[PDB]
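S.K.: This is the structure, below, for whatever I ask next.
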Amino acid sequence: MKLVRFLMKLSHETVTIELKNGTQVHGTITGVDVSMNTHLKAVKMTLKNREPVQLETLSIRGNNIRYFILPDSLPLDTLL
Amino acid sequence: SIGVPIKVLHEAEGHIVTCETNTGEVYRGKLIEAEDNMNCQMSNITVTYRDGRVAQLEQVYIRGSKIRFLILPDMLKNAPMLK
Amino acid sequence: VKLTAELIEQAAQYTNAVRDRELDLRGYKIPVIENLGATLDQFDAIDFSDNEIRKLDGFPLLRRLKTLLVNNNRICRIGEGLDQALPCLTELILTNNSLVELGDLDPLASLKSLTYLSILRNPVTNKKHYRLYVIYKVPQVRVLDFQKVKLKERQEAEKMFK
Amino acid sequence: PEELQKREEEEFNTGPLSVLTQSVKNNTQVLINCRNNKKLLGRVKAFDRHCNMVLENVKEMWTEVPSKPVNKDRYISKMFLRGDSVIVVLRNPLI
Amino acid sequence: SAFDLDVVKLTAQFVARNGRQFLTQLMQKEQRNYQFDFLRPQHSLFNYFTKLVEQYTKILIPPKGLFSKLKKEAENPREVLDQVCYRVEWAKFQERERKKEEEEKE
Amino acid sequence: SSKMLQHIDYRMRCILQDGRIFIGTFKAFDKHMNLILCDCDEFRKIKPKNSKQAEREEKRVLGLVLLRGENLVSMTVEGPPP
Amino acid sequence: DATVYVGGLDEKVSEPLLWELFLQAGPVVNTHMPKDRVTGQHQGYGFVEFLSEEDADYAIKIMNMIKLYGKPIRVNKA
Amino acid sequence: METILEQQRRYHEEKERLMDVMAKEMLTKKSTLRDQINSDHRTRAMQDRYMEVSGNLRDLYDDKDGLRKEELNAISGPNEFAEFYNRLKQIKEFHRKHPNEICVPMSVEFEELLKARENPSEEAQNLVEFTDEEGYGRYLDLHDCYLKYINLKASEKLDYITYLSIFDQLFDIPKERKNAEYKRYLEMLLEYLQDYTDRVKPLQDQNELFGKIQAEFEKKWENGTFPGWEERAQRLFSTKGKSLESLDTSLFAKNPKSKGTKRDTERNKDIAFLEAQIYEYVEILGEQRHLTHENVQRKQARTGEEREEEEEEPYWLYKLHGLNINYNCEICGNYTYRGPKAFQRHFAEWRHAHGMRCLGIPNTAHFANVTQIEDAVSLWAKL
RNA sequence: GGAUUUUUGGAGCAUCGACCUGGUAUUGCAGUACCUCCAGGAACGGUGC
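See below:
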C-alpha cells in the first residue's frame, strides 16, 4: 500500500515537517493531498542557522519535504 | 489538461519576458514560442552568467528543467485566465 | 478624523512608479500618525499628502520602509526617535513644512542610511547657511532638495561652525 | 486489484525491499542513511513502493562541527521519512 | 445625568464629615439660596444619596484605609476564597429561605 | 481538497530552494506547484563574510512572475488582497 | 380613537359571532381578526372599529363582564 | 481630586464587585474540566486584579493624615462646597445620560451566553498554556522527558514504564550519578513539573507555597532531613555519611564542603534545590502522575482502533402577478406599494382609513381610487 | 502517481552594480533593458572557484 494515504488521513495534529534545505516547520497540519502537499496553520519555521519565525499559514510541497515527525499519541495501525 | 500558469506563459509569447536559469543566469528576450513543459524559446536574449555580464545572444532556447522563474510583462496582468 | 488601523486597511496599496510597494493615503487630514503597525512590514513607501500632522512622530518599528512622503503638511516639529523605528530609510520627503529653526534637522542626522532628502518650500531654507548646516549635520545624505552634494560645499560645511 | 496486490506483495517479499520486509517480520531496527548525513536507527512500521518509511522509536545521529565534530544525536518516538532522501538502508546494524 | 450624579457625590462627601445629625454642610446650604432637591426624602434620588452617604461613611472607617492597612483581603487569596464561599453559602441560604417563604405562601 | 485554491489572489510569500523569498499576489496555480505572482518582489539574503558586518537582503521587484514547482519550497500568507 | 381591542377570546369563536356579540352595545363599522394563514386559527384578539369614539368607549366600558366559552373577554382602548 | 473620599470608595466598590463575581463563579456548578480550569484561571486573574487594586488603594494614605485635620473641621464647610458648586456650574448642553457608572464594572466582571469568559479575560485561552496530551490538568506529558532521558543515557533499554518507575522514586537510590549530566535534564524536568503544578491549580497561592518550600529546603533539608538509626546522617550535596551530629556540624563548614569540590554547596546548590522542587512536585502531584501512568498503560494495552478512538476525543411569480412595481400613495404619508392589486387591497384597509380620517373624509366607496389629498378634499367638498 | 522540462536527489582570480571631481555635443515627444566620450582617486558591495 502507498504511504500517501496514511499521511492524507491526518487533521489537527501538531507535527513537524523537516524540509530539504535545512528548514523545519512545526505546526498543526490542516490539509494533506496525494502529492504530499502539507498545508498547516499557525506554524513555527526555523531555517538553517536562523531565528524561528512564526507564520499564520504555510503550504509546503511534497518534493521539498525531507522528513516528518508525528506525536507519540498517534497509532500507526489504524492509519495504515 | 493544461495548467493556468502554463496557459499564462503560453499567452505571453510575442512579448518581452525574462527567464531565469538554475545557475543564476537571467535571460531577457522576446518569447517567440512556448511549450507546456516550460520550454522558453526567446529571441534577442541577454545572458548574464550569474555575474552581471549581459551578452546579446540570438535564438536562445532554455528547457523547463533549469527554468527557475519567468518574469512576465505587466501587459498580461489583465488576462481572463488569471481573473 | 483621526488615523487608525481601519484607515490603513481600507487604503489602496499597490506598486508605485519606482518599482516599490506604496500605499496611498492622500486626502485624509490626519492630525497625528499612529497605529501604522498593521502593515506587517509589507510596504516600502508611505505617502502622507494633504495631512494636518503638526509633528512627525509616533512611527512604529518598520524595517521594510525605504521612502517617506510627508509633503503638503504643517509639520512644525520633528521627532527624535526616527532612526530607531526605520533603520532602512533612504528617501525623505519633507517639502512644504513649517520648519523655521535650524535645530529641527538635528534628529534628522540620526538616520545613517539616509541618502535622499527634500526640504524645499520651507522657511528654514530661507535662512543663511542652511544647506551648509544640512551638509555638516548629516554627511550621509547625497541628494538634498534635488541637488547632489559638493566637495566645496562639504569643505565650507567642515570649515564653518568650528 | 487482487492480482496487482499479490504482485506487489511478491515484489516486497522477494525483491530489493525484502530486507525492509525483515523490518516488519521480526520488528528489527534498520539503519537508514539520509541526504544530510544523518543516520536513523530504528524499526520500520510501514513501507511503500516509493521507499517511504514510518519509523517508531528512532534515533537520528549526525556529525556537527562546532576543532573536532561531536556526535550529536536525538531520539524521536514516531517519524516518517520519504524515499527521495533515502540513500542506503541496512537491515542488521552493528550496534 | 453626570452633573446630578456629581452633585449627589459632592453632597454625600460634604455630609459625611459632619459632627451631628442636623449640623451638617448641607443644612446650612438650604438657607443660603442654593436649590438642592436631592435633600428631601420624597425624591427617588434620595435613596441613592443615602447609599452614597453610607458608602462615604464606610470609607472613613479605621480599617477602610485611613489609619490601618488590610492584610487579609490584600495579601491572602485563601481568605478571599473563604469569603466568597461564605457569600455563596449566604446566598444559598437566602434562596432556600425565599423558597420556603414561597412554599408557605402557596 | 481545495486548500491551495483558498489562498488564491492574496499577497503570499513563497520560499525558493536557493534561499530567496518571492512575495506577490498569487493569482494562478496548477497541479505542478506553479505560481503566477502579479507585482512580485524577490528578496535574497547576502552573506556578510566578516566579523562586524550585518546580514542584509537585496529585494527587487519584477512584476508578473511565473515560478515553477521545482524551485518552490514553501508558501506562506503575508497580506490580504488589496 | 374609535377602535377597541378585544382579547381573551377562544379560537372557536367566529367573526360573525363576534360581530353579533358586539352589536348588542352598538353597530360596529368594521371588525378585524388577525389569524395565521398557515394554520387557519385565530390569535385570540380582535379589533372593533365603530362609527364614533364615544360609542367605542361605551362599548369598551360595557364589555368588562363578558364571558365567552368560559373565558372572560377584556376590552381596551386602541 | 478626592483621592481619600472618591478613589477609596471606588476601589472598595471595585473590590466588592470582584468579590461578588467570585462568589457568583463559585456558586455556579461545573460540568467539564476545561471550563472549570478556565473559570479558576478567571477567578485567579480577578483575585490578582483585586489584590493590585487593594495595593494601589493602600498607598493613598500619606496626604490623608494631613487632610483629615481640614476635612473634619467644623469651622470650614459650605464655602469650599459653594466654590466647587460654582466650578461645577458649566454648560449642560451635553444631553447624554451615562448609566455606566456602576453597571459597567458589573458587566465587565460577567460572562456571555455564547462564551463563558469575562471582559478582562476575553483573550485568555486554555490552549496557550496546556498541550493536547495534558488534557487541561488531567494528565502530564512525559514523552519528551523520556526521549531526553533515552538520549542522555545513550541506551534503548528503557521504555516508558521503566521511566515512570524510575521517576516514581523520591528518596531511593538514583538511576544515574549525581555529578553526571543527568542533573541538567532533572532541572528541566523540575521546571516543567513546577509549571504543571502551577497550571493545575491557579487559585492556590504559588508564592506562599514557594516560600514554604524554600523554608523547608533551608531549615530542614540543609540540616539532615533524613535521620537514621554513615547511615545516621546523609548529605544531599556532598553525598557522604556522618558519624554523629557534631561531626556533621563540623564538616558542614569545611573547605571541601564549601567550595573545594565539584558537588559542594556553592555550585551544586541550584541542582539540589531543583531536586527538592521535583521531589515536592512528585509528592504533591502523585495522583496526577498515577493517572498519567494509568492512561499510558491503557494506551499501550489497547489496539489501533481503540487508540484512534481515544485520540479523537422567484422572478416569475413577481413578474406575472405584477409585483416589484413601485407605486406611491400620497394619502397614507406617501407610502410605497409593490403591486396594483396589493394597493387596491390596502386601500380598503385599516391603515388607509386611519390615513383618510385625519383629513376628515369618511370611509366611503367614492374615495376608493383617490390618491392625492387635494383630490380627496375636492371629492369630499363636492358631495 | 516512483526513470532526461517541473513531486521520491547531484545526492587571491573573473565579472557587474555603484561613490566623488573637470572639459565636451545633443533642448529632443514616449512608454523603453541599458544608454555621449575621456582622465584621476576609492579606505563600497553581490555571485562562482
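Protein chains in written order, with UniProt numbering: chain A, 1 to 80; chain B, 2 to 84; chain C, 2 to 163; chain D, 13 to 78, 87 to 115; chain E, 160 to 265; chain F, 6 to 87; chain G, 12 to 89; chain H, 1 to 229, 279 to 362, 393 to 462. C-beta atoms are modelled at their ideal positions from N, C-alpha and C, and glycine is treated no differently.
Under a three-way DSSP split, which group does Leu42 (chain F) fall into?
M.R.: Looking at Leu42 (chain F) - three-state DSSP - the assignment turns out to be strand.
S.K.: The beta strand (DSSP E) that contains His39 (chain A), what's its start and end?
M.R.: Looking at the DSSP string, the run of the beta strand (DSSP E) that includes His39 (chain A) is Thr38 to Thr46.
S.K.: Determine the chain F residues that contact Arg61 (chain A) at a beta-carbon separation under 9 Å, and present them in chain order.
M.R.: Neighbours of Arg61 (chain A) on chain F, chain order: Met38, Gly74, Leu77, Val78, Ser79 and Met80.
S.K.: Tell me which residue opens and which closes the beta strand (DSSP E) that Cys408 (chain H) is part of.
M.R.: Per DSSP, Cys408 (chain H) belongs to the beta strand (DSSP E) from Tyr406 to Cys408.
S.K.: Put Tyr182 (chain H) into one of helix, strand or coil per three-state DSSP.
M.R.: Helix at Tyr182 (chain H).
S.K.: Could you give the residue range of the alpha helix (DSSP H) that holds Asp40 (chain H)?
M.R.: First-last of the alpha helix (DSSP H) with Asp40 (chain H): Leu33 to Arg58.
S.K.: Considering only their Cβ atoms, is the gap separating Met51 (chain H) from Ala171 (chain E) smaller than 8 Å?
M.R.: No, Cβ-Cβ distance for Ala171 (chain E) and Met51 (chain H) is not below 8 Å.
S.K.: So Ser2 (chain B) is in the alpha helix (DSSP H); what residue range does that whole segment cover?
M.R.: Taken as a continuous stretch (DSSP letters only), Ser2 (chain B) belongs to no alpha helix (DSSP H), as it is neither H nor E.
S.K.: To the nearest angstrom, report how far apart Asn79 (chain H) and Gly178 (chain E) are at their CA atoms.
M.R.: Cα-Cα distance, rounded: 17 Å.
S.K.: Please list the residues of the stretch 29-55 of chain G that have a C-beta atom closer than 8 Å to any C-beta atom in chain H, keeping them in chain order.
M.R.: Correct list: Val40, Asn41 and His43.
S.K.: Going by C-alpha to C-alpha distance, which of A:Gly22, A:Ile29, A:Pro71 and A:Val34 sits closest to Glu51 (chain A)?
M.R.: When each option's Cα is compared against that of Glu51 (chain A), the closest is A:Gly22.
S.K.: Using alpha carbons as the reference points, say which of H:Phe84, H:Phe167 and H:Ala124 lies closest to residue 463 (chain H).
M.R.: Within the shown structure, residues of chain H are numbered from 1 to 462, placing residue 463 (chain H) beyond reach of any answer.
S.K.: Alpha carbons only, please: which of H:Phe446, H:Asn38, H:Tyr139 and H:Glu111 is nearest the one belonging to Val128 (chain H)?
M.R.: The option with the nearest alpha carbon to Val128 (chain H) is H:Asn38.
S.K.: Taking 8 Å as the limit between beta carbons, can you name the residues of its chain near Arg16 (chain F), skipping five residues before and five after?
M.R.: Only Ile28, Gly29, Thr30, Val82, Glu83, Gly84, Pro85, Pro86 and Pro87 meet the Cβ criterion.
S.K.: Counting along the chain, where does the alpha helix (DSSP H) carrying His26 (chain A) start and finish?
M.R.: That residue, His26 (chain A), is in no alpha helix (DSSP H); its beta strand (DSSP E) goes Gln24 to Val32.
S.K.: Does the separation of the CB atoms of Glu59 (chain B) and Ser44 (chain B) fall below 8 Å?
M.R.: Yes, the Cβ-Cβ distance between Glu59 (chain B) and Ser44 (chain B) is below 8 Å.
S.K.: Measure the C-alpha to C-alpha separation of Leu240 (chain E) and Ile69 (chain A) and round it to an integer number of angstroms.
M.R.: C-alpha separation (whole angstroms): 45 Å.
S.K.: Run down chain H in chain order and give the residues with a C-beta less than 8 Å from the C-beta of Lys251 (chain E).
M.R.: Near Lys251 (chain E) (Cβ distances below 8 Å), the residues of chain H are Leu27.
S.K.: By the 10 Å Cβ neighbour count, where 16 or more other Cβ atoms means buried, how is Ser30 (chain D) classified, buried or exposed?
M.R.: Exposed, by the Cβ-count rule.
S.K.: Could you tell me whether any Cβ in chain C is nearer than 8 Å to the Cβ of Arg25 (chain F)?
M.R.: It does not; no Cβ of chain C falls within 8 Å.
S.K.: So, under 8 Å CB-CB, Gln194 (chain H) and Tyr330 (chain H) are touching, yes? Tell me the CB distance rounded to an integer number of Å.
M.R.: With 8 Å as the limit, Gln194 (chain H) and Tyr330 (chain H) qualify as a contact, their Cβ atoms being about 6 Å apart.
S.K.: For the alpha helix (DSSP H) that contains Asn304 (chain H), what are its first and last residues?
M.R.: Element bounds for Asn304 (chain H): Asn304 to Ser307.
S.K.: So, do the stretch 57-76 of chain C and the stretch 14-34 of chain C have three or more beta carbon pairs nearer to each other than 8 Å?
M.R.: The stretch 57-76 of chain C is in contact with the stretch 14-34 of chain C.
S.K.: Which partner residues of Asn45 (chain D) appear in the DSSP bridge assignment?
M.R.: D:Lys51.
S.K.: Would you say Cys89 (chain C) and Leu66 (chain C) are within 8 Å of each other, going by their C-beta atoms?
M.R.: Yes, the Cβ-Cβ distance between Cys89 (chain C) and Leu66 (chain C) is below 8 Å.
S.K.: Taking only the alpha-carbon atoms, compute the straight-line gap between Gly24 (chain F) and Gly27 (chain A) and give it to the nearest angstrom.
M.R.: If you take the alpha carbons of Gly24 (chain F) and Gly27 (chain A), they lie about 21 Å apart.
S.K.: Which value, in whole angstroms, describes the spacing of the CA atoms of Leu70 (chain C) and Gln206 (chain H)?
M.R.: Near 53 Å, if we compare the C-alpha coordinates of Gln206 (chain H) and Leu70 (chain C).
S.K.: In terms of residues, what are the limits of the beta strand (DSSP E) holding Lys64 (chain F)?
M.R.: Run containing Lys64 (chain F): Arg61 to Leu72, per the beta strand (DSSP E) assignment.
S.K.: Could you tell me the distance, in whole angstroms, from the CA atom of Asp51 (chain C) to the CA atom of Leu26 (chain C)?
M.R.: In a straight line, the C-alpha of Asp51 (chain C) is about 9 Å away from that of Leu26 (chain C).
S.K.: Which one of H:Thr341, H:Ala321 and H:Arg312 has the shortest CA to CA distance from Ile213 (chain H)?
M.R.: Closest by alpha carbon: H:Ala321.
S.K.: If you draw a straight line from the alpha carbon of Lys84 (chain B) to that of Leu42 (chain F), how long is it in whole angstroms?
M.R.: Spanning the two alpha carbons is a distance of roughly 13 Å.
S.K.: Would you say the stretch 44-52 of chain D touches the stretch 99-110 of chain D, given that touching needs at least three Cβ pairs under 8 Å?
M.R.: Segments in contact, yes.
S.K.: Rounded to a whole number of angstroms, what is the C-alpha to C-alpha distance between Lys8 (chain B) and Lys67 (chain B)?
M.R.: So the alpha carbons of these two residues sit roughly 19 Å apart.
S.K.: Are the C-beta of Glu68 (chain D) and some C-beta of chain A separated by less than 8 Å?
M.R.: Yes, because at least one Cβ of chain A sits closer than 8 Å to the Cβ of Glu68 (chain D).
S.K.: Is it true that the stretch 28-48 of chain G meets the stretch 68-86 of chain G, where meeting means three or more beta-carbon pairs spaced less than 8 Å apart?
M.R.: These segments touch.
S.K.: Give the straight-line distance between the Cα atoms of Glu216 (chain H) and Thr288 (chain H), rounded to the nearest whole angstrom.
M.R.: The alpha-carbon atoms of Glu216 (chain H) and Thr288 (chain H) are separated by roughly 19 Å.
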